[PDB]
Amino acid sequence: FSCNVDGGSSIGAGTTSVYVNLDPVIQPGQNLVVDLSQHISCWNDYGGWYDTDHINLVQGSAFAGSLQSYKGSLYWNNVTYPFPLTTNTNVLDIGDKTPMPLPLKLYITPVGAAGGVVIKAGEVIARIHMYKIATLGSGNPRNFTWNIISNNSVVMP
C-alpha cells in the first residue's frame, strides 16, 4: 500500500507534510473547508483486488496544540465525524493500483480566536493519523500521519 502528496514520491508509512491553501480571511460565524482529496492519494501496490488494503483514520487525530480550542468536523468516506476524532472511522478498501484521492475533508471553526493572524503560513494546523492493514498474512499494518500545513496566513478581523 502506498500514498503520495501532490503527486510526489511514494510513501509507505510515517509522517508527511500536506500543504493546503486556506481562505486568507475568516469572518466570525464562518468555517474553513480543507479538501484533502486535492492532495493525498493512495493505492494498492498489486492492483486487481488481490491483497486488498483497509484504511481508516484514527482516534486522537486533532488540531495542533495552538489551535486545540478549535471546533471541527472531519469527513471521511461517506461519514462526517466530529473533529478532533474520538473514535476510529469507517474503513475504506483500496484494491486498485490506480491512485485514489482520499475522500477526506476537514471543516474548521476557529474558537477562542483573537484578532489578526490566527493561522500562520507554515503552521501545522492538524495531525491526521491514518491506519493501514491489508488482507493476506498479518496484513503488514502501517501508520501514517498527515501533518496539515497552511500555505498562507489566515486573518480574522
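The term rigid core refers to the maximal set of C-alpha atoms that superpose within 1.5 Å between the two forms. Note that residue numbering begins at 1 and tracks the sequence as displayed.
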Give, as the answer, the stretch of 27 to 35 and 54 to 62 that departs more from the shown form in 8 other deposited structures of this protein; the measure is RMS Cα distance after a core fit.
27 to 35
Say whether residue 113, which has coordinates in the shown structure, is without coordinates in a third or more of the other compared entries.
yes
Once you work out the mean C-alpha B-factor for both 34 to 42 and 60 to 68 from the entry, which is higher?
60 to 68
Once average C-alpha B-factors are taken from the entry for 87 to 95 and 111 to 119, the winner is 111 to 119
When you compare the CA B-factors of 9, 16, 140, 143 as listed in the entry, which one comes out on top?
9
Name the third of the chain's ranked CA B-factors that contains residue 101, choosing lowest, middle or highest.
lowest
In terms of the CA temperature factor given in the entry, to which third of its chain does residue 136 belong: lowest, middle or highest?
highest
Ranking every modelled residue in this chain by its Cα temperature factor as given in the entry, which third contains residue 125?
middle
What third of its chain, lowest, middle or highest, does the C-alpha temperature factor of residue 3 fall into?
lowest
